[PDB]
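The chain that follows stands alone, in the form deposited in one PDB entry, written as structure tokens.
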């Protein structure tokens, strides 16, 4: 009880009142100057990077192939008969596609009409404020064949034919380069638009490939990929409402009550892969329509 409180010199937990005040003042001025120096060094560092260009980007190269709906464990499993077992995927797909609604791309000071067929890279200029805000290539929701949330809100899950909309990772100043047909002897049969970054989904083993069924690719101009007329990206500072190219894959005629792992792969010079990053340029989704 002596250490807790002794009244002789007014010591609480070990030291007097003047002692507590002196150490508190010293620690306040010290920690204040320390945090101030930290903030100052942080600001001096900030004065080196720019508002619309990161000083390093090799850690995002090549980009990754992302899929919507995003799935934990990358598994899209549901009961087609039950409209509740697939509500999660529907919610995610609707939430992501709402940014692409026909009404979202109203104003022309931000959204610019771009060719109905894939064209060359629409270079908007440089990364400065000299040319102010930038134009956005509109993306019609109808370019997705049977999964647009326009005629069938469910997107297919109601009658056992799901849709997984594929997307490319946004990278500032990135120009996708499709492979030249001269080198075309490795990747399977796909449409060849020199302005389209191709994407092709397949199985993974001799069992999943067989039990998959019939792939149905939907995209701008009916090309299985991304049109080159939407790149490069100019960052979130210059193109706040930039809409990135999309693409859908419908797995019609899939083996009921069986889980099948499918791998979609985007080919190209600028697109690499990795045995450790299961999403760098490709991705994996195991689906099971257990009705």
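The term rigid core refers to the maximal set of C-alpha atoms that superpose within 1.5 Å between the two forms. Numbering follows the first chain given and starts at 1.
Averaged over CA atoms, B-factors in the entry run higher in 181 to 189 than in the other of 112 to 120 and 181 to 189.
Relative to its counterpart among 99 to 107 and 168 to 176, 99 to 107 has the higher mean temperature factor, C-alpha atoms as listed in the PDB entry. Note on the listed residues 71, 84, 202, 92: the highest Cα temperature factor in the record is that of 84.
Ranked within its chain, residue 21 lands in the middle third, by CA B factor from the PDB record. Sorting the modelled residues of the chain by their CA temperature factor places residue 11 in the highest third.
Residue-level temperature factors show residue 213 in the middle third of its chain, judged at the C-alpha atom.
Among all modelled residues in its chain, residue 198 ranks in the lowest third by Cα B-factor. Sorting the modelled residues of the chain by their CA temperature factor places residue 289 in the middle third.
The next section is about a form of this same protein that is not shown, the form deposited in another entry.
When the two forms are superposed on their rigid core between the shown form and the other one, the C-alpha shift of 2 Å or more among 94, 104, 184, 215 belongs solely to 184.
Core-superposed comparison between the shown form and the other one: the CA of residue 158 exceeds or equals a 2 Å shift. For residue 19, a C-alpha deviation of 2 angstroms or more is recorded between the shown form and the other one after rigid-core alignment.
Once you line up the core between the shown form and the other one, the Cα of residue 278 stays within less than 2 Å of where it was. With a change of no less than 3 Å, the CA-CA distance between residue 154 and residue 218 is larger in that other deposited form than in the form shown. The pair residue 206 and residue 277 is tighter in that other deposited form: their Cα-Cα distance falls by no less than 3 Å compared with this form.
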